[PDB]
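Since the structure comes first, as structure tokens, the remarks are kept for the end.
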Amino acid sequence: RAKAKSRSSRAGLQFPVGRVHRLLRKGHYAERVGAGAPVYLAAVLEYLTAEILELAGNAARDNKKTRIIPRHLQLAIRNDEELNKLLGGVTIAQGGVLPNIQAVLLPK
Amino acid sequence: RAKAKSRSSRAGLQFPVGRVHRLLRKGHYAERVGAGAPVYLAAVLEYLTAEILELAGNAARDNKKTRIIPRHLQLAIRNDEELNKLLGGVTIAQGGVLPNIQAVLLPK
Amino acid sequence: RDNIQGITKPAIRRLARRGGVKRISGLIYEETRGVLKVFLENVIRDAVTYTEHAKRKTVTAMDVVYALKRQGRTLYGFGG
Amino acid sequence: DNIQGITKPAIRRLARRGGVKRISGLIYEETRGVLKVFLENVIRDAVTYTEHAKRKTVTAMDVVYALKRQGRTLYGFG
Amino acid sequence: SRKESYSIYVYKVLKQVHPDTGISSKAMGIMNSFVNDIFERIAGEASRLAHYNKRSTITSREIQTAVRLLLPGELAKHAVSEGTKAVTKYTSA
Amino acid sequence: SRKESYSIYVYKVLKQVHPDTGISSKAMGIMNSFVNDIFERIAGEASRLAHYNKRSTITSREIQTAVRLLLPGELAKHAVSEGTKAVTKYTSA
Amino acid sequence: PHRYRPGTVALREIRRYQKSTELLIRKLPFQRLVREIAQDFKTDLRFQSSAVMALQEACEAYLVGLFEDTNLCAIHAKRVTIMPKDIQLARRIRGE
Amino acid sequence: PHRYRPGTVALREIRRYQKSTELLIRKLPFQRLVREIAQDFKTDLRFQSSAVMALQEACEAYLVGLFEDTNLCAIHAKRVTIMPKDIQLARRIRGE
DNA sequence: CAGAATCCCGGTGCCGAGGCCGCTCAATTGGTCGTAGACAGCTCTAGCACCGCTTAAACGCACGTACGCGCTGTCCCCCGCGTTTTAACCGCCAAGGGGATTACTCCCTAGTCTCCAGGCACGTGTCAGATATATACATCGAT
DNA sequence: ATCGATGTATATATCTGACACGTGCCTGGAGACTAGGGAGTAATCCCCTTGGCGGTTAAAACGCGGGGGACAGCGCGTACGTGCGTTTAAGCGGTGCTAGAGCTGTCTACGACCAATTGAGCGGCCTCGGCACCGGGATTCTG
């Protein structure tokens, strides 16, 4: 009997291909699930996770902090013209708002 | 082998309980479907159909017509505060708009 | 009851300040209270409906998350 | 450049159905741009559904599904 | 080949509400799409209710709760009343 | 009972993107909600795409089309390359 | 001679077009525009006769609603002439 | 004594509250309001400590967004003071 | 240009995040087998192209009046500052209602086979609605 | 007060193709029986929700002085609406071609279902340094 090797290690991903395949079967989305579906979906979820964490970390560094907090996630999402479109209907707890004042209101 | 009779006749409905039961099983909504689900859903769909047809038929007489057309359905929906809330996003072809002019625009 | 009066004038001003409003007319307070009450009523009706279907007696955070999700607004940080 | 086929009289007729009494001279060029932006987002989805099916003919159902995905359910075309 | 539609049942209802009125084919098409829409909405919500409680089956309780969530206050009371009447007549037949 | 979460995988990604930075529990809860949100959206569209074509099996083409329909242009452009590379390496192994 | 005062014909046209239900855009010029836009996505496409009709119905239903919203934000400023900034404000508040 | 001119402090408050993140409504009054409204639907209900916090976060986000929309409606009329008709217009265009 | 507000720096100190251990149940490897769907060939529907003709609609011009805009005046209702008071917030102590789990067993739904009638294409024909003509009577603008 | 020139609507007759009905038949709903595991019931644990007291300062309520904003009125000048004569090309009716949507047949590569094995990752515990609070100094900006 060959020594087991995880599917994620074969594909090179960090996310669990086995858990994704299990969730695809238990959700009743269809009666059959092809072998290629979970590798593709795991690769997409990993890409979007890293794409967000990079901007959040840059915001944390600009604030001179070392731990990421929800304020940094709000600042990351609302400053990107594409993330803000995908997550427009989402409110983040303790996120606050972006500084903005109408030019008509400032003093002469 | 007794003579077969439809479930709709037992329930006292016009809509097809058998077709609804088939459509539930073929949709993969769940692995099991109970006996009472299709009778309840058929009765609900029959109720909403009769209400729509009653209002459209009244709107037909107000125009001395004898045949219902999309304009009568549009007028029936947009003049009822309950149906208009349920069908707020729906667009009906050949329906047109309701007559309305703002009081500010009329002559002095 | 009088509990609607607990949303005081200073709290409404602080909310308006976060939104960038510089000057506020004195009639805005009763209008804001009327706008808030219907929102709370709509969300709570759905939350209690989910609580009753489960036969529970305590209202949990998930019932609120699902209610907001149904209204078309998604809340991140409490579950789901 | 067929956007010029949406003539000024047609825009005025649409404004009349909407109840507009008086119309400013710059509304026409703004409306053409708004319509041009609206059409592209629907056609891109219709073509995506057509390509997934490997068909070469765009079909009414592709448009019905494209509109429903945007929240604009259309009744009448099946 | 063979299609499938509700035009028979819609016509049967029409002749009960207004036995002197007819309906055009264009209006019948809209009435046919209306039932498919509401059917999909109710079955969708019933499936979510079943999944949240970790149940394998769909029952009249899921249909009733979905109706109470989807339909407005006055439509919901009547729809629930006659749905329960139909189920009681079926089970007592 | 035991509760599953993506916290360890999000942390592995963070350690790859910014080794010196850390993350608070609240940020982890937000990320854990964002992942389930996008998962359900993609699986939903892949399911609709299967029924419209009378197919009984979900495949990588359904995922690729759902990704092109849901994500904006540049994000979809990159995500499709990532998924194609992953599937190609998995099959070649 | 005979001549009507400004605004009476406009009100008569409003009462006219809110009663009828026909399409107001020319069919053939619209069809050529649909053909021109689709070419940027795929070549040699074909369109069913009903697809163009579905697109035309959707576009006209969208523009009528946009003008309905624009007129209210024109009246709010105590004007009667609609102007571009009214469209821009309506679209900004609608979130599109 | 030294006195700031009208509006100087308002801009400072705007900057202060846009830079902060805490909640702004008092917790006990809001909790009593929530328990009062719920009593109309079912009697003897109980609430988890987190459900009230979820409701408060949702309500404050909704009100801040509505004020953001109302301020654009005020400027369109060339005013500075917000008034009830601005709220009614914003809600009408949003379709609430 | 005096002075009130915000920021930052050095010191204290605590409890939230990073890391370790035990261990069990979810994922992997190997095998069988049934049917979903990939490929080849054919039929014939309906999408594309061209022509001639009539005349509905779009285009270009003149003109004059009703609207949009800028300026001035005035008066009253928001803002900023100070004092009093009221009920929010923190911390500590009690107790018991209700959520979450385990063990049993019964009754509900899925599956297979037969068989027969509900409802789907196809054909026919007759009357509801569309159109042309005549004319009634309502409204708008000037005297 | 009314005239009279335009416009919208109504009443009668003729036509035509859309709707309602009947026929043939086939495939999908109903009747009868069996097997098995999902849901219903009862009992136990214990946790987290409701209720109360004491007390101290952060926050709300009430007054008042004044100034800067909202609102009404006026003048003016040019942008848009109404009506005519000209010209563009939309709409329609007809014929012909062939691209490609929809279907039947064959068959073989794919995914589902079982069983045995073990290690990936979840729960409980430890601890130490990132953050926050206090106080004093430096810089900015406003009336």
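Labels for the structure tokens follow display order: chains A, B, ..., residues from 1 in each chain, ligands from 1.
Taking only C-alpha atoms (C1' of nucleotides), the non-local environment of residue 35 in chain H within 12 Å (same-chain residues fewer than 6 positions away omitted) comprises residues 1, 3, 4, 40, 41, 44, 48 and 59 of chain C; 28, 29, 41, 42, 43, 44, 45, 46, 47, 48, 51, 52 and 55 of chain H.
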Please superimpose chain A upon chain B, fitting all C-alpha atoms matched one to one in order, and report the result as a PDB file with C-alpha atoms, in the first residue's frame.
ATOM      1  CA  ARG A   1     -57.507  -3.225  -8.673  1.00  0.00           C
ATOM      2  CA  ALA A   2     -59.350  -0.063  -7.645  1.00  0.00           C
ATOM      3  CA  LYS A   3     -60.318   2.541 -10.224  1.00  0.00           C
ATOM      4  CA  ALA A   4     -57.811   5.394 -10.217  1.00  0.00           C
ATOM      5  CA  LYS A   5     -58.746   8.820  -8.846  1.00  0.00           C
ATOM      6  CA  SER A   6     -56.479  11.843  -9.237  1.00  0.00           C
ATOM      7  CA  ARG A   7     -54.931  13.501  -6.182  1.00  0.00           C
ATOM      8  CA  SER A   8     -56.223  16.893  -7.344  1.00  0.00           C
ATOM      9  CA  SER A   9     -59.769  15.541  -7.272  1.00  0.00           C
ATOM     10  CA  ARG A  10     -59.195  14.254  -3.730  1.00  0.00           C
ATOM     11  CA  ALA A  11     -57.958  17.667  -2.579  1.00  0.00           C
ATOM     12  CA  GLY A  12     -60.468  19.574  -4.750  1.00  0.00           C
ATOM     13  CA  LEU A  13     -57.816  21.602  -6.610  1.00  0.00           C
ATOM     14  CA  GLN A  14     -57.513  22.399 -10.314  1.00  0.00           C
ATOM     15  CA  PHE A  15     -53.695  22.471 -10.445  1.00  0.00           C
ATOM     16  CA  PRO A  16     -51.744  19.180 -10.912  1.00  0.00           C
ATOM     17  CA  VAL A  17     -50.435  17.794  -7.619  1.00  0.00           C
ATOM     18  CA  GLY A  18     -48.556  15.062  -9.507  1.00  0.00           C
ATOM     19  CA  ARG A  19     -46.647  17.505 -11.708  1.00  0.00           C
ATOM     20  CA  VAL A  20     -45.725  19.649  -8.694  1.00  0.00           C
ATOM     21  CA  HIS A  21     -44.450  16.577  -6.820  1.00  0.00           C
ATOM     22  CA  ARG A  22     -42.397  15.578  -9.878  1.00  0.00           C
ATOM     23  CA  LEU A  23     -40.876  19.057 -10.168  1.00  0.00           C
ATOM     24  CA  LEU A  24     -40.043  19.054  -6.450  1.00  0.00           C
ATOM     25  CA  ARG A  25     -38.170  15.764  -6.871  1.00  0.00           C
ATOM     26  CA  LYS A  26     -36.281  16.709 -10.070  1.00  0.00           C
ATOM     27  CA  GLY A  27     -35.063  20.120  -8.822  1.00  0.00           C
ATOM     28  CA  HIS A  28     -32.731  18.644  -6.143  1.00  0.00           C
ATOM     29  CA  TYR A  29     -34.125  20.963  -3.466  1.00  0.00           C
ATOM     30  CA  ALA A  30     -33.771  18.154  -0.900  1.00  0.00           C
ATOM     31  CA  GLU A  31     -33.270  14.395  -0.748  1.00  0.00           C
ATOM     32  CA  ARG A  32     -36.799  13.651   0.581  1.00  0.00           C
ATOM     33  CA  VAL A  33     -40.202  15.225  -0.144  1.00  0.00           C
ATOM     34  CA  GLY A  34     -43.133  14.778   2.226  1.00  0.00           C
ATOM     35  CA  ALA A  35     -46.606  13.909   0.965  1.00  0.00           C
ATOM     36  CA  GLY A  36     -48.170  17.177   2.229  1.00  0.00           C
ATOM     37  CA  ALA A  37     -45.871  19.612   0.397  1.00  0.00           C
ATOM     38  CA  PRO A  38     -47.410  19.481  -3.131  1.00  0.00           C
ATOM     39  CA  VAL A  39     -51.026  19.888  -1.964  1.00  0.00           C
ATOM     40  CA  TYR A  40     -50.108  23.018   0.002  1.00  0.00           C
ATOM     41  CA  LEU A  41     -48.033  24.533  -2.799  1.00  0.00           C
ATOM     42  CA  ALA A  42     -50.721  23.815  -5.415  1.00  0.00           C
ATOM     43  CA  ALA A  43     -53.389  25.479  -3.259  1.00  0.00           C
ATOM     44  CA  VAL A  44     -51.234  28.604  -2.869  1.00  0.00           C
ATOM     45  CA  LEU A  45     -50.470  28.886  -6.592  1.00  0.00           C
ATOM     46  CA  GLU A  46     -54.167  28.490  -7.438  1.00  0.00           C
ATOM     47  CA  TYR A  47     -55.130  31.207  -4.956  1.00  0.00           C
ATOM     48  CA  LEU A  48     -52.694  33.745  -6.412  1.00  0.00           C
ATOM     49  CA  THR A  49     -53.724  32.905 -10.000  1.00  0.00           C
ATOM     50  CA  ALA A  50     -57.408  33.547  -9.302  1.00  0.00           C
ATOM     51  CA  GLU A  51     -56.581  36.675  -7.293  1.00  0.00           C
ATOM     52  CA  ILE A  52     -54.865  38.211 -10.334  1.00  0.00           C
ATOM     53  CA  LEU A  53     -57.358  37.064 -12.991  1.00  0.00           C
ATOM     54  CA  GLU A  54     -60.292  38.657 -11.142  1.00  0.00           C
ATOM     55  CA  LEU A  55     -58.782  42.161 -11.229  1.00  0.00           C
ATOM     56  CA  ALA A  56     -57.655  41.707 -14.836  1.00  0.00           C
ATOM     57  CA  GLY A  57     -61.196  40.744 -15.847  1.00  0.00           C
ATOM     58  CA  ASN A  58     -62.651  43.773 -14.073  1.00  0.00           C
ATOM     59  CA  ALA A  59     -60.215  46.032 -15.942  1.00  0.00           C
ATOM     60  CA  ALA A  60     -61.172  44.389 -19.247  1.00  0.00           C
ATOM     61  CA  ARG A  61     -64.853  45.012 -18.466  1.00  0.00           C
ATOM     62  CA  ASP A  62     -64.287  48.693 -17.635  1.00  0.00           C
ATOM     63  CA  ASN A  63     -62.559  49.166 -21.014  1.00  0.00           C
ATOM     64  CA  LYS A  64     -65.681  47.586 -22.614  1.00  0.00           C
ATOM     65  CA  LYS A  65     -63.643  44.711 -24.091  1.00  0.00           C
ATOM     66  CA  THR A  66     -64.154  40.951 -23.812  1.00  0.00           C
ATOM     67  CA  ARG A  67     -60.583  39.599 -24.154  1.00  0.00           C
ATOM     68  CA  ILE A  68     -57.924  40.261 -21.517  1.00  0.00           C
ATOM     69  CA  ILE A  69     -54.716  41.799 -22.897  1.00  0.00           C
ATOM     70  CA  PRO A  70     -51.381  42.721 -21.261  1.00  0.00           C
ATOM     71  CA  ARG A  71     -52.497  46.338 -20.784  1.00  0.00           C
ATOM     72  CA  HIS A  72     -55.206  45.069 -18.425  1.00  0.00           C
ATOM     73  CA  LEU A  73     -52.699  42.988 -16.453  1.00  0.00           C
ATOM     74  CA  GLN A  74     -50.448  46.022 -16.013  1.00  0.00           C
ATOM     75  CA  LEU A  75     -53.403  48.152 -14.893  1.00  0.00           C
ATOM     76  CA  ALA A  76     -54.472  45.422 -12.450  1.00  0.00           C
ATOM     77  CA  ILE A  77     -51.060  44.932 -10.821  1.00  0.00           C
ATOM     78  CA  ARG A  78     -50.066  48.604 -10.589  1.00  0.00           C
ATOM     79  CA  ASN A  79     -53.384  49.672  -8.996  1.00  0.00           C
ATOM     80  CA  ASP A  80     -53.142  47.190  -6.072  1.00  0.00           C
ATOM     81  CA  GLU A  81     -50.923  48.199  -3.136  1.00  0.00           C
ATOM     82  CA  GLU A  82     -49.997  44.550  -2.376  1.00  0.00           C
ATOM     83  CA  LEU A  83     -49.570  43.019  -5.831  1.00  0.00           C
ATOM     84  CA  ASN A  84     -47.355  45.981  -6.757  1.00  0.00           C
ATOM     85  CA  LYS A  85     -45.109  45.198  -3.778  1.00  0.00           C
ATOM     86  CA  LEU A  86     -44.658  41.523  -4.680  1.00  0.00           C
ATOM     87  CA  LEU A  87     -44.098  42.366  -8.381  1.00  0.00           C
ATOM     88  CA  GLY A  88     -42.137  45.620  -8.096  1.00  0.00           C
ATOM     89  CA  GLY A  89     -39.034  44.500 -10.002  1.00  0.00           C
ATOM     90  CA  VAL A  90     -41.002  42.985 -12.916  1.00  0.00           C
ATOM     91  CA  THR A  91     -41.566  44.613 -16.318  1.00  0.00           C
ATOM     92  CA  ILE A  92     -44.445  43.369 -18.498  1.00  0.00           C
ATOM     93  CA  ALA A  93     -44.074  43.548 -22.274  1.00  0.00           C
ATOM     94  CA  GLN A  94     -46.567  45.924 -23.935  1.00  0.00           C
ATOM     95  CA  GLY A  95     -47.807  47.008 -20.497  1.00  0.00           C
ATOM     96  CA  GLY A  96     -47.163  50.754 -20.822  1.00  0.00           C
ATOM     97  CA  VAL A  97     -47.400  53.192 -17.904  1.00  0.00           C
ATOM     98  CA  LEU A  98     -50.113  54.594 -15.615  1.00  0.00           C
ATOM     99  CA  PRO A  99     -51.349  58.137 -16.411  1.00  0.00           C
ATOM    100  CA  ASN A 100     -49.785  60.640 -14.006  1.00  0.00           C
ATOM    101  CA  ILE A 101     -48.841  64.341 -14.225  1.00  0.00           C
ATOM    102  CA  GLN A 102     -47.185  66.493 -11.556  1.00  0.00           C
ATOM    103  CA  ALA A 103     -49.532  69.196 -10.264  1.00  0.00           C
ATOM    104  CA  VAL A 104     -46.783  71.831 -10.614  1.00  0.00           C
ATOM    105  CA  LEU A 105     -46.805  71.311 -14.392  1.00  0.00           C
ATOM    106  CA  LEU A 106     -50.517  71.923 -15.039  1.00  0.00           C
ATOM    107  CA  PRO A 107     -51.633  75.427 -16.082  1.00  0.00           C
ATOM    108  CA  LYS A 108     -53.165  77.874 -13.631  1.00  0.00           C
TER     109      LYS A 108
END
- Item | chain F contacts to chain C at 9 Å (only C-alpha atoms) as a list in words |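 Written out as asked, the residues are residues 26, 27, 28, 29, 30, 31, 32, 33, 34, 36 and 37 of chain F.
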- Message: I'd like to know which of D:55, D:46, D:20, D:5 is closest to residue 32 in chain D, using only C-alpha atoms.
- Response: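 Checking each of D:55, D:46, D:20, D:5 against residue 32 in chain D, counting only C-alpha atoms, the winner is D:5.
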- Message: Give me, as a ChimeraX atom specification, all polymer residues having an atom no more than 10 Å from residue 36 in chain D, counting only C-alpha atoms (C1' of nucleotides) and skipping those fewer than 3 positions away in the same chain.
- Response: /D:3,31-33,39-41 /G:33-34,37
- Using only C-alpha atoms, find which residues of chain C lie within 8 Å of chain H and jot them down as a PyMOL selection string. chain C and resi 1+3-4+6-7+11+14-25+27-28+31+36+39-41+44-45+48+57-61+64-65+75+78
- For chain H, work out the contacting residues on chain G at 8 Å, counting only C-alpha atoms, and write them as a ChimeraX atom specification. /G:69,73,76-77,90,93-94
